[PDB]
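The structure appears right after this line, and notes come after that.
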Amino acid sequence: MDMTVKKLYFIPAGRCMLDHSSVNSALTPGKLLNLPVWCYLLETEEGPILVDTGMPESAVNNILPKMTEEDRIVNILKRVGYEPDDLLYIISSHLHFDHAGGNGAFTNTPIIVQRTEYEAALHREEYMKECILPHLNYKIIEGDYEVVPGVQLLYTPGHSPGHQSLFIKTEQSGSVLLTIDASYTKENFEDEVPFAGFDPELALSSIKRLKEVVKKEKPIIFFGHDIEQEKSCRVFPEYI
Ligand SMILES: [Zn+2]
Ligand SMILES: [Zn+2]
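Numbering (the deposited numbering), first residue to last: -1 to 60, 73 to 250.
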């Protein structure tokens, strides 16, 4: 039997303001939403694994990032009690600025990223250099992938060219699906309400596949940028 994740920690990593049409493509532009940015820390038998790394330090006190010094991944690292080199793996759901802005902090740890995301970040205009530094220890994968027992990546392209979501089994909670940006909000997922993405058609098929996973596994699901779900989540220092 595969080991489960001992602890899954949800870690607030600042906020980002967007037009409300980002979460529902049918909404009339001109109203702001202030969305939560997340990273997640997984304590496993082989060691700690970090999913996403927050926003670039250039966003501190500066799409409108709402980021303070506290939200920098290394200050997050300080609060969880780890140095960058303690991490077994970094997992990048994708290389958008609110998910990979802290990547440069990890220069030894393998950073798991989808080939289509990595290759897109080398060429596409929307990618900030902070998110695609050339000499990090990239572990480039393609498609679904087991990172360690209890931690699996589901390839969910659409929102970005190589976006990936997480399927985890934890000791306390059992099966957990972290959609990340494969669905910002519950309704993007359940009701297939269209939202901001590189390839909405592909995003929809990725949602459909996640639905097949949900039918089989009946996991608890946590969405990428959901202000309604946000405050009822147990967050660091609590875990699930
Ligand atoms: Zn994104
Ligand atoms: Zn995002």
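By construction, the Cβ of each residue, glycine as well, lies at the ideal position given by its N, Cα and C atoms.
Measuring straight from C-alpha to C-alpha, what distance separates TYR38 and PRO27?
31 Å
For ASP236, verify whether its CB is less than 7 Å away from any heavy atom of ligand 2.
no
Helix or strand or just coil, what does DSSP make of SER185?
strand
What is the DSSP secondary structure of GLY112, reduced to helix, strand or coil?
coil
Compute the distance between the beta-carbons of residue 66 and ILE231, then report whether it is under 8 Å.
Within the chain, the sequence of modelled residues goes 60 then 73, so residue 66 has no position in this structure.
Residues proximal to ligand 4 by C-beta, any heavy atom closer than 5 Å:
As for ligand 4, it is missing from this structure, which binds only ligand 1 and ligand 2.
Residue closest to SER103, alpha-carbon to alpha-carbon, out of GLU202, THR180, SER193, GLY160
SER193
In its own chain, which residues sit with a C-beta less than 8 Å from the C-beta of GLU202, not counting the 5 before and 5 after it?
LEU214, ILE217
Between which two residues does the alpha helix (DSSP H) holding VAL123 run?
That residue, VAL123, is in no alpha helix (DSSP H); its beta strand (DSSP E) goes 121 to 124.
Report all residues from its chain with a CB closer than 8 Å to the CB of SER19; omit the five preceding and five following residues, and keep chain order.
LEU25, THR26, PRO27, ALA206
May I ask you to check if the CB of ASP108 is nearer than 7 Å to at least one heavy atom of ligand 2?
yes
Decide if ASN60 is buried, meaning its Cβ has at least 16 other Cβ atoms within 10 Å, or exposed.
exposed
Endpoints, beta strand (DSSP E) assigned at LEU143
Element bounds for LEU143: n/a, residue is neither H nor E.
Just verifying my parser: in three-state terms, what is the DSSP assignment at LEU105?
coil
Can you round the beta-carbon distance between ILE86 and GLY45 to whole angstroms, since I take them to be within the 8 Å contact cut?
That pair is no contact at about 17 Å.
Own chain residues within Cβ distance below 7 Å of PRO144, not counting five before or after:
none
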